[PDB]
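A.B. asks: This is the structure I have questions about; it appears just below.
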Amino acid sequence: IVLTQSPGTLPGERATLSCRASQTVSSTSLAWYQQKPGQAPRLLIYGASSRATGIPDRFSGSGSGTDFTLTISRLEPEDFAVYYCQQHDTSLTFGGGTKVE
Amino acid sequence: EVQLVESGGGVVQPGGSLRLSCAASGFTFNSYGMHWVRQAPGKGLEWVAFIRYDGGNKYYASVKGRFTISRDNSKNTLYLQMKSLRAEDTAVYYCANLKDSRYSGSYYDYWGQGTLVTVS
Amino acid sequence: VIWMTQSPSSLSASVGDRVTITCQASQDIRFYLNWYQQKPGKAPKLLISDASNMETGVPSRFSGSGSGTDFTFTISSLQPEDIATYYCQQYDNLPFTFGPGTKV
Amino acid sequence: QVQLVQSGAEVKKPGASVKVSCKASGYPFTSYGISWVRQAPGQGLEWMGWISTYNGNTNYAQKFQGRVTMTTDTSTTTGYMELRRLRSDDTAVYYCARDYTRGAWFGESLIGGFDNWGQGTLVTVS
Amino acid sequence: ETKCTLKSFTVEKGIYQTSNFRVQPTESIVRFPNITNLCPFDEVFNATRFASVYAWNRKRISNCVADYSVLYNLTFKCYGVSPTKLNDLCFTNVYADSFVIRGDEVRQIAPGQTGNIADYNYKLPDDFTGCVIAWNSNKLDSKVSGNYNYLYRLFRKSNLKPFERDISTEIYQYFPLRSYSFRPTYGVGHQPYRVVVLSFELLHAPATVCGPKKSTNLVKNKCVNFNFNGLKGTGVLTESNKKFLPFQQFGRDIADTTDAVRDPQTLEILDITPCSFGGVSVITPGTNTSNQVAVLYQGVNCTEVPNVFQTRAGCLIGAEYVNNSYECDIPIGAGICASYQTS
Amino acid sequence: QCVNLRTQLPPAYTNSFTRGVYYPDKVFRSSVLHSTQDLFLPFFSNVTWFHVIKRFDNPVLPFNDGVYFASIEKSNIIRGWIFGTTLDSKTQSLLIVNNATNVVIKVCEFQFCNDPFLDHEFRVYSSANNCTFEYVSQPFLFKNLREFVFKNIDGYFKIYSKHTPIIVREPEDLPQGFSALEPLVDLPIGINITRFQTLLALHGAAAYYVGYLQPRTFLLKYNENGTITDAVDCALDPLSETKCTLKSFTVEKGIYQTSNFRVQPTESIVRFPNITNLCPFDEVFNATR
Ligand SMILES: *[C@@H]1O[C@H](CO)[C@@H](O)[C@H](O)[C@H]1NC(C)=O
Ligand SMILES: *[C@@H]1O[C@H](CO)[C@@H](O)[C@H](O)[C@H]1NC(C)=O
Ligand SMILES: *[C@@H]1O[C@H](CO)[C@@H](O)[C@H](O)[C@H]1NC(C)=O
Ligand SMILES: *[C@@H]1O[C@H](CO)[C@@H](O)[C@H](O)[C@H]1NC(C)=O
Ligand SMILES: *[C@@H]1O[C@H](CO)[C@@H](O)[C@H](O)[C@H]1NC(C)=O
Ligand SMILES: *[C@@H]1O[C@H](CO)[C@@H](O)[C@H](O)[C@H]1NC(C)=O
Ligand SMILES: *[C@@H]1O[C@H](CO)[C@@H](O)[C@H](O)[C@H]1NC(C)=O
Ligand SMILES: *[C@@H]1O[C@H](CO)[C@@H](O)[C@H](O)[C@H]1NC(C)=O
Ligand SMILES: *[C@@H]1O[C@H](CO)[C@@H](O)[C@H](O)[C@H]1NC(C)=O
Ligand SMILES: *[C@@H]1O[C@H](CO)[C@@H](O)[C@H](O)[C@H]1NC(C)=O
Ligand SMILES: *[C@@H]1O[C@H](CO)[C@@H](O)[C@H](O)[C@H]1NC(C)=O
Ligand SMILES: *[C@@H]1O[C@H](CO)[C@@H](O)[C@H](O)[C@H]1NC(C)=O
Ligand SMILES: *[C@@H]1O[C@H](CO)[C@@H](O)[C@H](O)[C@H]1NC(C)=O
């Protein structure tokens, strides 16, 4: 399944990131990741909704069908990073990646 | 080649006794259990007795209480001691190693030629 | 003690005919049955073990099957060399027993 | 207190193979699987494959089906990956992660993601 | 004490044994092997997909440590067993049966019950031993257009036997299976529930699944009550110079007495002795002259017992040792005698 | 695919002498003589000698009450064993096979080949059905002398083993000396083993020996480091009997009473009055009134 993200490139303001699948992806099989410069990616959202342990409450995900999003209620100086969407409904793939700037 | 040779047959009187023996060669006699089987003229095969490889446990058929089975693994010889012989015990006595996946474990089936015992 | 019986006790067949012999146990002996063939003046020869396993050297025309109490021995095509008395024997438990014997 | 520690950077020639290790601690090794993901300079995350630490079962991405081999050692609680026939296009940072997306005992999909990641091993081909 | 032992309001000059010195244990040292392999409950309960009730799925659990805390931590009804005791039981097998049903059908997953699930889809035996766990999965399984992936059997010519499965599609003299069609707009009774039934098999056989155990820290050079992986006893634990083989767990003396053990977690060898003990004797002049006494602790060290003199016979307390020499009066042993002297 | 690979030769025999002693339990003992009763290979017994040279002995043998197995080689030809009853698709069988990196032990309904072997691939069986047991660990396996004891008690298949280097002697017999076998693995399988067969790998010379265990009493000597260095078979001869009674590998000059002589009965004699009338219980219990 192909995952397309937008915008290519997007403190204190609300941010929204989108990920659209070419095929239906179960909520149980979708997740979001964050990658800071010089660091490995970390898990933020799993099951399309639940937060990973250690993740601040300002991070929340949701969606259904082919349309899923990740929302940051308020951008902090440390929230400027590249975000990725993932699905493992079929095999396992990652999206192109969307940059917050 | 594998051989089993019965001997000690002959003619005895009722109430008498006779000791039969079977000499084994060509195989690991001392690792196998052994059977005695008899066949009277005009009849089918009748199982008589069985002894385990170590000469420990013994089993008997119609003959229990009269016949005793034993072996000597240093001579590769199987014995059958028959006491209180009756006219009904007239038969050809065979020693055998019967193929048995449950008790003796033998994977090969061997028979002797048989020795005739007559009681009269 | 498990009692063994065979049927028919005697059968008449020509060369090329199909021959079947039935062995029946009074008790369930699963698949622990031996089949023997005895020619006059000779010790019994084992043909089949564990109900259906053929002994090495036994012609492919011989076969058998069955489980529990009802077992069958078959000769797909009787040969002139197949005239003998056939016995079934159980070794599920001691004492071991042979059937009456079937005359071919 | 889960940690994943990978080997340092390697430099290889075209046609050579590279072996990348990942030492795991802070959790029961046989309760979680091991996944591998690589990231080339300027690129996103590409999945290479997965291995079960419990039964040795694997699931590889088609791209590396004939090139990558994954193994585990439960006595040293360490994962290993080998990538054969390296090309210049294989220059990337190779990461290990703890897998909670597929079960190690049953092989069925789980509700989760890759939570713990190693620091990444840089492999250069030239 | 001496007067009572001898049944006399009078005591003659001499030494008498009246009692025994024994050191009591002050702690409880419990040691077990640490878990290396754990039962995959996580991979059963946190699965993305559950089987249909008409075709329920069985996963086998074996050769593992069964930690049930998580199930308590997150419907939970146990039959024949308490949910708070599962942590200290062993089983020969554990079987997890997973399926999806309606909320109103949850009551059918129990022994002695009847209904179209109990009778045609998933039957438990009247003597069922195990635990039934269920939770609301509306957020995951329900769909706006309707989730038709989950099916149940409505028609059959007979009822099921315990743990029987029937997934045939033969036409009933009707098509035997019908969809649930789960939706987020349904009331609770019609919402989907994920059910996992944990069957506990107990046979006259070696266990393959056991829960974990409580343990404490190791204490040495003190009198304690100890248990090393079931190896019970009381005494003082010390290091050891014994050379155990790689497979040996404990050792015994010539009297077939356990005198050393291997620690389950540190794999070190510890020596074991009984806590200090010995006889207690009272040394006294005749009560017609004096009521003064001295007490000898036989074979005991003066620092173990709690005018203190240490002799080969034990620790003598209450008598004053002098460097003089007299004829023996009340003998103690090893060349030492006691006497009542001049105040 | 099963491949049918011969003539049948008579067995050779060798002298076991003092070998086959294993640690009876997992208990440390030291500086002590311990008396135990268990299944041991009898001292100075007759052991069957098989050859792998163009002849490859691999017959199906009885398991009886336990098997002592030993082999001497360099090429690692003997790599596994099959244990079972009918050794076909009708029953569960135990397959133990070693390879370069690990050992695989599994119990399944295997349909074994008429003459099974390894070919470095498995040509041991043609097919297998639903397995009940699986286990994987490290490999079990001057010339290399490898000795094993296989016991099957209360469902547990217990394996003891020892590996030592030996000097090559021309007679190519069993070496003298005392070496105790340590426990290797204890498998909770629960199957009935009555027959076994040795699996050879093809691609050299090797030989192996088979003996059978008996219920006997032994006196075992544990040294300072809890190692068994000697043993006495209390049922070998009158001298060993005295040594066991006096709990000493050393007997002082004198006369000792160690046992009892007793003649056994040889016949069963049953004598009752000759009565042909049967007791009328029927006419008491089945009465109308
Ligand atoms: C259990 O204890 C041993 C030795 O102390 C240690 O090496 C091992 O890693 C521990 N296992 C776990 C899961 O912590
Ligand atoms: C399912 O996963 C969550 C998140 O890691 C965990 O908190 C929960 O305990 C797991 N459930 C079970 C039964 O393990
Ligand atoms: C007790 O002491 C008195 C002297 O005060 C003496 O006369 C008497 O005989 C003594 N009695 C005994 C039993 O020693
Ligand atoms: C008594 O304790 C002291 C002090 O530790 C020690 O030096 C002495 O040898 C001990 N004597 C005996 C009999 O234990
Ligand atoms: C006895 O004399 C020694 C010196 O030789 C001294 O150390 C010790 O304390 C004396 N004991 C008594 C009771 O006077
Ligand atoms: C080996 O013998 C069997 C019959 O028992 C036969 O089916 C098989 O094809 C033979 N194997 C080969 C390679 O011919
Ligand atoms: C069997 O052992 C006996 C000693 O009891 C020995 O005399 C005999 O020669 C041995 N048999 C063979 C074939 O070596
Ligand atoms: C040895 O057996 C194991 C388990 O079947 C297998 O994974 C491994 O590749 C085998 N080794 C060789 C050299 O075949
Ligand atoms: C499963 O095992 C049973 C014996 O208990 C056997 O009859 C059945 O055929 C086996 N199933 C399969 C698919 O082989
Ligand atoms: C194993 O042998 C025992 C004793 O004869 C028997 O009772 C048991 O049923 C056998 N097991 C099997 C599977 O045949
Ligand atoms: C016991 O082991 C030590 C080495 O730790 C060795 O020096 C000593 O000789 C051994 N004792 C015996 C009787 O073998
Ligand atoms: C039967 O018993 C009677 C005594 O009551 C005896 O005289 C008779 O001889 C016996 N019969 C036989 C055959 O011994
Ligand atoms: C009574 O008669 C019946 C019928 O013949 C029989 O079955 C039963 O055993 C008899 N009862 C007794 C004590 O003989």
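Letters A, B, ... go to the chains of the structure tokens in the order shown; residues in each chain start at 1; ligands are counted from 1 in the same order.
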Which residues come within 10 Å of residue 117 (chain D), counting only C-alpha atoms, excluding same-chain residues fewer than 5 positions away, as number ranges by chain?

C.D. replies: A: 39-43; D: 2-6, 22, 35-37, 95-99

A.B. asks: Write the residues of the selection above to a file with N, CA and C atoms, as a PDB file, in the first residue's frame.

C.D. replies:
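The file below, result03.pdb, is the result:
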```pdb
ATOM      1  N   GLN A  39      19.028  12.110  14.755  1.00  0.00           N
ATOM      2  CA  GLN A  39      18.492  11.090  15.652  1.00  0.00           C
ATOM      3  C   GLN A  39      17.643  10.051  14.924  1.00  0.00           C
ATOM      4  N   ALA A  40      17.533   8.867  15.523  1.00  0.00           N
ATOM      5  CA  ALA A  40      16.643   7.830  15.010  1.00  0.00           C
ATOM      6  C   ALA A  40      15.191   8.264  15.217  1.00  0.00           C
ATOM      7  N   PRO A  41      14.258   7.796  14.377  1.00  0.00           N
ATOM      8  CA  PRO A  41      12.822   7.968  14.504  1.00  0.00           C
ATOM      9  C   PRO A  41      12.300   7.387  15.812  1.00  0.00           C
ATOM     10  N   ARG A  42      11.229   7.977  16.338  1.00  0.00           N
ATOM     11  CA  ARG A  42      10.557   7.438  17.515  1.00  0.00           C
ATOM     12  C   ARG A  42       9.059   7.308  17.266  1.00  0.00           C
ATOM     13  N   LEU A  43       8.427   6.351  17.936  1.00  0.00           N
ATOM     14  CA  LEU A  43       6.991   6.129  17.783  1.00  0.00           C
ATOM     15  C   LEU A  43       6.182   7.145  18.576  1.00  0.00           C
TER      16      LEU A  43
ATOM     17  N   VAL D   2      14.774   0.151  28.067  1.00  0.00           N
ATOM     18  CA  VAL D   2      15.177  -0.619  26.892  1.00  0.00           C
ATOM     19  C   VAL D   2      16.196   0.123  26.045  1.00  0.00           C
ATOM     20  N   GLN D   3      17.260  -0.580  25.675  1.00  0.00           N
ATOM     21  CA  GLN D   3      18.304  -0.005  24.848  1.00  0.00           C
ATOM     22  C   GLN D   3      18.665  -0.923  23.690  1.00  0.00           C
ATOM     23  N   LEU D   4      19.040  -0.319  22.570  1.00  0.00           N
ATOM     24  CA  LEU D   4      19.545  -1.053  21.419  1.00  0.00           C
ATOM     25  C   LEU D   4      20.866  -0.442  20.968  1.00  0.00           C
ATOM     26  N   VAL D   5      21.925  -1.242  20.989  1.00  0.00           N
ATOM     27  CA  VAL D   5      23.256  -0.735  20.678  1.00  0.00           C
ATOM     28  C   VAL D   5      23.818  -1.372  19.416  1.00  0.00           C
ATOM     29  N   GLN D   6      24.044  -0.551  18.401  1.00  0.00           N
ATOM     30  CA  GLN D   6      24.528  -1.041  17.118  1.00  0.00           C
ATOM     31  C   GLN D   6      26.019  -0.807  16.935  1.00  0.00           C
ATOM     32  N   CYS D  22      23.175  -5.655  16.495  1.00  0.00           N
ATOM     33  CA  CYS D  22      22.323  -4.856  17.374  1.00  0.00           C
ATOM     34  C   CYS D  22      22.098  -5.568  18.707  1.00  0.00           C
ATOM     35  N   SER D  35      13.240  -5.709  13.969  1.00  0.00           N
ATOM     36  CA  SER D  35      13.033  -5.216  12.615  1.00  0.00           C
ATOM     37  C   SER D  35      14.209  -4.362  12.174  1.00  0.00           C
ATOM     38  N   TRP D  36      14.423  -4.295  10.865  1.00  0.00           N
ATOM     39  CA  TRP D  36      15.463  -3.439  10.315  1.00  0.00           C
ATOM     40  C   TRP D  36      14.906  -2.466   9.285  1.00  0.00           C
ATOM     41  N   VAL D  37      15.307  -1.207   9.427  1.00  0.00           N
ATOM     42  CA  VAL D  37      14.904  -0.112   8.552  1.00  0.00           C
ATOM     43  C   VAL D  37      16.135   0.702   8.172  1.00  0.00           C
ATOM     44  N   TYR D  95      19.212   1.012  10.686  1.00  0.00           N
ATOM     45  CA  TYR D  95      18.719   1.025  12.059  1.00  0.00           C
ATOM     46  C   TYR D  95      18.085  -0.308  12.441  1.00  0.00           C
ATOM     47  N   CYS D  96      18.246  -0.694  13.709  1.00  0.00           N
ATOM     48  CA  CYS D  96      17.492  -1.798  14.299  1.00  0.00           C
ATOM     49  C   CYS D  96      16.413  -1.226  15.210  1.00  0.00           C
ATOM     50  N   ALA D  97      15.306  -1.940  15.337  1.00  0.00           N
ATOM     51  CA  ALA D  97      14.253  -1.512  16.242  1.00  0.00           C
ATOM     52  C   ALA D  97      13.540  -2.703  16.862  1.00  0.00           C
ATOM     53  N   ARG D  98      12.951  -2.482  18.031  1.00  0.00           N
ATOM     54  CA  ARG D  98      12.172  -3.517  18.696  1.00  0.00           C
ATOM     55  C   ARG D  98      10.799  -3.605  18.043  1.00  0.00           C
ATOM     56  N   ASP D  99      10.440  -4.802  17.602  1.00  0.00           N
ATOM     57  CA  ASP D  99       9.218  -4.997  16.835  1.00  0.00           C
ATOM     58  C   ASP D  99       8.031  -5.460  17.669  1.00  0.00           C
TER      59      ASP D  99
END
```

A.B. asks: Kindly determine which residues of chain C lie within 8 Å of chain B, considering only C-alpha atoms, and give the answer as JSON, numbers by chain.

C.D. replies: {"C": [32, 42, 43, 44, 46, 49, 50, 91, 92, 94, 95, 96, 97, 98, 99, 100, 101]}

A.B. asks: Quick one: contact table of chain F to chain D, 12 Å max, nearest atom pair and distance in Å to one decimal per residue, counting only C-alpha atoms, chain and number order, as a Markdown table?

C.D. replies:
```
| residue | atom | partner | partner_atom | distance |
| --- | --- | --- | --- | --- |
| F:134 | CA | D:55 | CA | 11.1 |
| F:135 | CA | D:55 | CA | 11.0 |
| F:136 | CA | D:55 | CA | 9.9 |
| F:137 | CA | D:75 | CA | 10.8 |
| F:138 | CA | D:75 | CA | 11.1 |
```

A.B. asks: Could you write out the selected residues, including N, CA, C and O atoms, as a PDB file, in the first residue's frame?

C.D. replies:
```pdb
ATOM      1  N   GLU F 134       8.934 -30.407  20.425  1.00  0.00           N
ATOM      2  CA  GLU F 134      10.045 -29.782  19.715  1.00  0.00           C
ATOM      3  C   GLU F 134      11.073 -29.211  20.687  1.00  0.00           C
ATOM      4  O   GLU F 134      10.717 -28.564  21.672  1.00  0.00           O
ATOM      5  N   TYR F 135      12.350 -29.423  20.388  1.00  0.00           N
ATOM      6  CA  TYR F 135      13.436 -28.928  21.225  1.00  0.00           C
ATOM      7  C   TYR F 135      14.683 -28.637  20.397  1.00  0.00           C
ATOM      8  O   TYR F 135      15.099 -29.455  19.575  1.00  0.00           O
ATOM      9  N   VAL F 136      15.276 -27.469  20.608  1.00  0.00           N
ATOM     10  CA  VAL F 136      16.504 -27.111  19.907  1.00  0.00           C
ATOM     11  C   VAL F 136      17.555 -26.581  20.870  1.00  0.00           C
ATOM     12  O   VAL F 136      17.278 -25.697  21.680  1.00  0.00           O
ATOM     13  N   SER F 137      18.767 -27.111  20.769  1.00  0.00           N
ATOM     14  CA  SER F 137      19.871 -26.656  21.607  1.00  0.00           C
ATOM     15  C   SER F 137      21.207 -26.838  20.902  1.00  0.00           C
ATOM     16  O   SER F 137      21.260 -26.967  19.679  1.00  0.00           O
ATOM     17  N   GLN F 138      22.289 -26.836  21.676  1.00  0.00           N
ATOM     18  CA  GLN F 138      23.631 -26.977  21.118  1.00  0.00           C
ATOM     19  C   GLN F 138      23.910 -28.442  20.782  1.00  0.00           C
ATOM     20  O   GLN F 138      23.325 -29.327  21.404  1.00  0.00           O
TER      21      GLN F 138
END
```

A.B. asks: Please provide as number ranges by chain all residues within 12 Å of residue 339 (chain E), with the sequence filter that same-chain residues fewer than 4 positions apart are discarded (counting only C-alpha atoms).

C.D. replies: E: 13-15, 283-286, 290, 292-294, 318-322, 324-332

A.B. asks: Excluding residue 218 (chain E) and residues on its chain fewer than 3 positions from it, collect all residues at most 8 Å away from it, counting only C-alpha atoms, and give them as a PyMOL selection string.

C.D. replies: chain E and resi 29-31

A.B. asks: Hey, which bits of chain C sit within 12 Å of ligand 6, and for each residue what's the closest pair of atoms and how far apart in Å (one decimal), counting only C-alpha atoms and all ligand atoms, rows by chain and increasing number, as CSV?

C.D. replies:
```
residue,atom,partner,partner_atom_place_in_ligand_line,distance
C:53,CA,ligand 6,5 (O),10.7
C:54,CA,ligand 6,5 (O),9.6
C:55,CA,ligand 6,5 (O),10.6
C:56,CA,ligand 6,5 (O),9.2
C:57,CA,ligand 6,5 (O),11.0
C:58,CA,ligand 6,5 (O),11.7
C:60,CA,ligand 6,4 (C),10.5
```

A.B. asks: Neighbours of region 17-24 of chain C within 6 Å (only C-alpha atoms; same-chain residues fewer than 5 positions away dropped), as a ChimeraX atom specification?

C.D. replies: /C:4-7,69-78

A.B. asks: Go ahead and save the residues from that selection, with N, CA and C atoms, as an mmCIF file, in the first residue's frame.

C.D. replies:
```cif
data_model
loop_
_atom_site.group_PDB
_atom_site.id
_atom_site.type_symbol
_atom_site.label_atom_id
_atom_site.label_comp_id
_atom_site.auth_asym_id
_atom_site.auth_seq_id
_atom_site.Cartn_x
_atom_site.Cartn_y
_atom_site.Cartn_z
ATOM 1 N N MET C 4 -8.841 -65.646 18.937
ATOM 2 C CA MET C 4 -8.714 -65.362 17.515
ATOM 3 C C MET C 4 -9.460 -66.393 16.688
ATOM 4 N N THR C 5 -10.104 -65.940 15.625
ATOM 5 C CA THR C 5 -10.796 -66.838 14.708
ATOM 6 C C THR C 5 -10.536 -66.420 13.269
ATOM 7 N N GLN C 6 -10.689 -67.356 12.342
ATOM 8 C CA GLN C 6 -10.480 -67.062 10.931
ATOM 9 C C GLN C 6 -11.590 -67.656 10.074
ATOM 10 N N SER C 7 -11.876 -67.006 8.950
ATOM 11 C CA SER C 7 -12.920 -67.471 8.048
ATOM 12 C C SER C 7 -12.612 -67.127 6.592
ATOM 13 N N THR C 69 -10.739 -55.084 15.339
ATOM 14 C CA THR C 69 -11.096 -56.487 15.464
ATOM 15 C C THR C 69 -11.172 -57.203 14.128
ATOM 16 N N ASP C 70 -11.323 -56.455 13.043
ATOM 17 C CA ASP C 70 -11.522 -57.056 11.729
ATOM 18 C C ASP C 70 -10.350 -56.813 10.780
ATOM 19 N N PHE C 71 -9.625 -57.881 10.449
ATOM 20 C CA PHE C 71 -8.444 -57.782 9.594
ATOM 21 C C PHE C 71 -8.586 -58.643 8.344
ATOM 22 N N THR C 72 -7.984 -58.199 7.240
ATOM 23 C CA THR C 72 -8.033 -58.949 5.986
ATOM 24 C C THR C 72 -6.645 -59.233 5.419
ATOM 25 N N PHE C 73 -6.460 -60.464 4.953
ATOM 26 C CA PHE C 73 -5.273 -60.877 4.211
ATOM 27 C C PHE C 73 -5.661 -61.182 2.770
ATOM 28 N N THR C 74 -4.918 -60.643 1.806
ATOM 29 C CA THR C 74 -5.272 -60.837 0.401
ATOM 30 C C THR C 74 -4.112 -61.298 -0.474
ATOM 31 N N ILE C 75 -4.430 -62.190 -1.412
ATOM 32 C CA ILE C 75 -3.530 -62.535 -2.504
ATOM 33 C C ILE C 75 -4.156 -62.059 -3.813
ATOM 34 N N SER C 76 -3.563 -61.037 -4.422
ATOM 35 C CA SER C 76 -4.152 -60.409 -5.603
ATOM 36 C C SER C 76 -4.306 -61.391 -6.757
ATOM 37 N N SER C 77 -3.406 -62.362 -6.825
ATOM 38 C CA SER C 77 -3.445 -63.381 -7.863
ATOM 39 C C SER C 77 -2.771 -64.654 -7.397
ATOM 40 N N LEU C 78 -3.563 -65.666 -7.090
ATOM 41 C CA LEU C 78 -3.021 -66.895 -6.538
ATOM 42 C C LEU C 78 -2.042 -67.560 -7.488
#
```

A.B. asks: Do you know which residues are at most 9 Å from residue 92 (chain B) counting only C-alpha atoms, after dropping those on the same chain fewer than 6 positions away, and could you put them as a list in words?

C.D. replies: residues 9, 37, 38, 39, 40, 41, 114, 115, 116, 117 and 118 of chain B

A.B. asks: Could you build a table of the residues in chain F lying no more than 8 Å from chain E, giving for each the nearest pair of atoms and their separation in Å rounded to one decimal place, using only C-alpha atoms, ordered by chain and ascending residue number, as CSV?

C.D. replies:
```
residue,atom,partner,partner_atom,distance
F:26,CA,E:248,CA,4.8
F:27,CA,E:251,CA,5.2
F:28,CA,E:251,CA,3.8
F:29,CA,E:251,CA,5.6
F:30,CA,E:253,CA,7.6
F:31,CA,E:254,CA,8.0
F:32,CA,E:254,CA,6.1
F:183,CA,E:247,CA,7.5
F:188,CA,E:206,CA,7.4
F:225,CA,E:243,CA,5.6
F:226,CA,E:244,CA,7.2
```

A.B. asks: Could you take the residues named above and write them with C-alpha atoms, as a short mmCIF file (atom, residue, chain, number, x, y, z; two decimals), in the first residue's frame?

C.D. replies:
```
data_model
loop_
_atom_site.label_atom_id
_atom_site.label_comp_id
_atom_site.auth_asym_id
_atom_site.auth_seq_id
_atom_site.Cartn_x
_atom_site.Cartn_y
_atom_site.Cartn_z
CA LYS F 26 21.84 -34.09 40.52
CA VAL F 27 23.17 -34.01 44.07
CA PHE F 28 26.65 -32.95 45.11
CA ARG F 29 28.54 -35.44 47.25
CA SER F 30 32.21 -35.57 48.20
CA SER F 31 34.71 -37.70 50.09
CA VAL F 32 32.10 -40.43 50.52
CA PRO F 183 23.61 -35.75 32.43
CA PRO F 188 9.44 -34.71 28.70
CA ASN F 225 35.83 -32.69 44.09
CA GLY F 226 32.61 -34.81 44.02
#
```

A.B. asks: Could you please tell me, as an mmCIF file with N, CA and C atoms, in the first residue's frame, which residues of chain D have an atom within 10 Å of chain E when using only C-alpha atoms?

C.D. replies:
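For reference, result16.cif as written:
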```
data_model
loop_
_atom_site.group_PDB
_atom_site.id
_atom_site.type_symbol
_atom_site.label_atom_id
_atom_site.label_comp_id
_atom_site.auth_asym_id
_atom_site.auth_seq_id
_atom_site.Cartn_x
_atom_site.Cartn_y
_atom_site.Cartn_z
ATOM 1 N N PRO D 28 12.838 -8.878 28.073
ATOM 2 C CA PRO D 28 12.855 -10.265 27.636
ATOM 3 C C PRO D 28 13.052 -10.359 26.128
ATOM 4 N N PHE D 29 14.182 -10.913 25.721
ATOM 5 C CA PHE D 29 14.577 -10.932 24.319
ATOM 6 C C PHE D 29 13.586 -11.692 23.449
ATOM 7 N N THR D 30 13.111 -12.830 23.944
ATOM 8 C CA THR D 30 12.261 -13.719 23.159
ATOM 9 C C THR D 30 10.789 -13.312 23.169
ATOM 10 N N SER D 31 10.473 -12.182 23.801
ATOM 11 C CA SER D 31 9.095 -11.705 23.827
ATOM 12 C C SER D 31 8.799 -10.715 22.705
ATOM 13 N N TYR D 32 9.845 -10.185 22.070
ATOM 14 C CA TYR D 32 9.667 -9.170 21.032
ATOM 15 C C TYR D 32 10.547 -9.474 19.829
ATOM 16 N N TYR D 54 12.198 -15.682 18.791
ATOM 17 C CA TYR D 54 11.704 -16.884 19.442
ATOM 18 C C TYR D 54 11.879 -18.129 18.577
ATOM 19 N N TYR D 100 7.003 -4.618 17.710
ATOM 20 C CA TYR D 100 5.738 -4.960 18.340
ATOM 21 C C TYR D 100 4.612 -4.750 17.331
ATOM 22 N N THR D 101 4.903 -5.064 16.069
ATOM 23 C CA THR D 101 3.923 -4.978 14.991
ATOM 24 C C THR D 101 3.529 -6.372 14.521
ATOM 25 N N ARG D 102 4.377 -7.354 14.815
ATOM 26 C CA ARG D 102 4.074 -8.753 14.535
ATOM 27 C C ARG D 102 4.532 -9.622 15.700
ATOM 28 N N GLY D 103 3.722 -10.610 16.056
ATOM 29 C CA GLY D 103 4.054 -11.502 17.158
ATOM 30 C C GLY D 103 5.231 -12.403 16.814
ATOM 31 N N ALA D 104 6.042 -12.715 17.819
ATOM 32 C CA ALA D 104 7.199 -13.574 17.625
ATOM 33 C C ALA D 104 6.825 -15.051 17.733
ATOM 34 N N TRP D 105 5.728 -15.349 18.433
ATOM 35 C CA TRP D 105 5.344 -16.737 18.680
ATOM 36 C C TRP D 105 4.312 -17.233 17.677
ATOM 37 N N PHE D 106 3.409 -16.348 17.259
ATOM 38 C CA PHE D 106 2.313 -16.753 16.384
ATOM 39 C C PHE D 106 2.445 -16.187 14.969
ATOM 40 N N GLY D 107 3.195 -15.097 14.825
ATOM 41 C CA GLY D 107 3.410 -14.474 13.519
ATOM 42 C C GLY D 107 2.244 -13.593 13.067
ATOM 43 N N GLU D 108 1.325 -13.292 13.978
ATOM 44 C CA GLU D 108 0.154 -12.485 13.642
ATOM 45 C C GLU D 108 0.392 -11.005 13.909
ATOM 46 N N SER D 109 -0.328 -10.149 13.187
ATOM 47 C CA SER D 109 -0.190 -8.704 13.343
ATOM 48 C C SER D 109 -0.680 -8.218 14.705
ATOM 49 N N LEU D 110 0.053 -7.261 15.270
ATOM 50 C CA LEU D 110 -0.275 -6.655 16.558
ATOM 51 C C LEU D 110 -0.608 -5.174 16.405
ATOM 52 N N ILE D 111 -1.289 -4.617 17.405
ATOM 53 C CA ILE D 111 -1.568 -3.186 17.422
ATOM 54 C C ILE D 111 -0.423 -2.438 18.097
ATOM 55 N N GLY D 112 0.453 -1.837 17.299
ATOM 56 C CA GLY D 112 1.662 -1.235 17.847
ATOM 57 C C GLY D 112 2.511 -0.549 16.785
#
```
